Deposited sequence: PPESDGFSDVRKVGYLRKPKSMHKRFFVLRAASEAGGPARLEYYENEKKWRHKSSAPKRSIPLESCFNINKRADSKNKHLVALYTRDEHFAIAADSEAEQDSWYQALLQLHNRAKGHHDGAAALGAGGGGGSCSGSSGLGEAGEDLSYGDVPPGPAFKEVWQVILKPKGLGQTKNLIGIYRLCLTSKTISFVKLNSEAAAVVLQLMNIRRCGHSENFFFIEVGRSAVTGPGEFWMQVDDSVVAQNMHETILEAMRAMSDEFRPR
């Protein structure tokens, strides 16, 4: 009856304990949504509105993440933002992640900051975009947008790399954008490194397809 999962989880930034509440869809209470309150008392006593109430139907992607600060993140990607919650363990991270999918496209999704360097300036793709990875392509979807600015084939990426909290993608002449690099900033060197390893692995995994 409404509440599927409940518990204290941390906000990745300020790292404050907030009491989260996952609720199933109902014809009275409202849609499937993830909410959080200042603490548990305010929820129990119905003495406050949730500080945030995110509908699951608006989340196009849900992933388990990690950075230099928080080892067990669970990230939600809607058309307008990236909402993350910091679990205290891999076990807890998976429970929430699993609960969310139980009530809720791309293999991976990363929110990045496309710099004006290289193809950034030449193709005018700067600011906040979402790097969406499949088994065969990488798309750059602008924040607040539902359609892709550009789709790159994994086959056309000559190389990719990272330096500090930056990550780049060099595409060959056979790419839709022509040759050039795509530079983008991320939270820290940890996430920049995972971005590199995951995409590279997806590049290498192509030789495994018959």
Regions of the deposited sequence not represented in the model: 1 to 7, 112 to 155, 262 to 264
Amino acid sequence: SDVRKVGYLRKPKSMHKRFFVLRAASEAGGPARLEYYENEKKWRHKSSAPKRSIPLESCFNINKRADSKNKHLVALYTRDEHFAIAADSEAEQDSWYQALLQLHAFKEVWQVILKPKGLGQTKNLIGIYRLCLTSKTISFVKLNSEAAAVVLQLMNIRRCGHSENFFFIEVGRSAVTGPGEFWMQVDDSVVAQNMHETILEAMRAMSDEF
From here on, numbers count along this sequence of modelled residues.
Hey, which bit's got the bigger mean C-alpha B factor in the entry, 114 to 122 or 67 to 75? 114 to 122
On average, are the C-alpha B-factors higher in 24 to 32 or in 44 to 52? 24 to 32
By the record's CA B-factor, is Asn39 among the lowest, middle or highest third of residues in the chain? lowest
Which third of the chain holds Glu201 when residues are ordered by C-alpha B factor: lowest, middle or highest? lowest
Report the third (lowest, middle or highest) to which the CA temperature factor of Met15 belongs, ranking only the modelled residues of the same chain. highest
For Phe106, the third of its chain by CA B-factor is the highest
